[PDB]
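Sequence lines, in order, name chains E and C. When you line the first sequence up against the entry's author numbering, it's residues 111 to 164, in that order. When you line the second sequence up against the entry's author numbering, it's residues 56 to 110, in that order. The C-beta atom is built at its ideal place from N, Cα and C for all residues, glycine as well. Contents: one structure, followed by commentary.
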Amino acid sequence: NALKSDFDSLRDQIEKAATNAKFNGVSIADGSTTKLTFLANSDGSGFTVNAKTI
Amino acid sequence: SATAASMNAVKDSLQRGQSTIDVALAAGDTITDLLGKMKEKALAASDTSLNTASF
């Protein structure tokens with residue numbers, strides 16, 4: 111029972127640590143969106159970074 | 056000599072034309088600077104990683 115409760119605590123910890131990792135409201139580790147596109151060229155062409163949910 | 060007097064009349068109109076074009080050129084320089092800045096703004100806003108409150 112003690113080992114199970116330790117396991118459960120650690121799982122809840124993983125969840126908290128994962129959902130708090132936002133910068134400026136946008137994040138690539140929670141799983142909110144599928145990809146983020148940044149500017150890479152003075153004409154609008156983008157640099158694509160896929161989302162890696164953890 | 057009447058014709059030389061008429062040339063004296065022509066030169067002022069040429070000068071007035073020059074003046075109007077200078078005013079237009081000044082305004083045009085301002086407009087080109089503004090257009091550059093607008094392109095910068097539009098390019099910055101074309102980003103899809105941007106917050107809802109910066110757009």
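Self-check item: Neighbour list for residue 135 of chain E in chain C, Cβ cutoff strictly below 9 Å
Solution: Taking the first sequence and counting its residues from 1, one reaches residue 135 of chain E at position 25. Neighbours of residue 135 of chain E on chain C, chain order: 106, 107 and 108.
Quiz item: Under a Cβ-count criterion, where at least 16 other Cβ atoms within 10 Å of its own Cβ denotes burial, should residue 164 of chain E be classed as buried or exposed?
Solution: The residue labelled residue 164 of chain E in the question sits at position 54 within the first sequence. Its Cβ having fewer than 16 others within 10 Å, residue 164 of chain E is exposed.
Quiz item: For the beta strand (DSSP E) that residue 146 of chain E lies in, which residues bound it at each end?
Solution: Taking the first residue of the first sequence as position 1, residue 146 of chain E is located at position 36. Counting along the chain, the beta strand (DSSP E) containing residue 146 of chain E begins and ends at 145-149.
Practice problem: Just grab the DSSP bridge partners of residue 159 of chain E for me. | Solution: The residue you call residue 159 of chain E lines up with position 49 of the first sequence. Under DSSP, residue 159 of chain E forms a beta bridge with E:146.
Quiz item: With residue 156 of chain E and residue 150 of chain E assumed to form a contact (beta carbons below 8 Å), what rounded beta-carbon distance in angstroms separates them?
Solution: Here residue 156 of chain E refers to the residue found at position 46 of the first sequence. Here residue 150 of chain E refers to the residue found at position 40 of the first sequence. Confirmed, about 6 Å.
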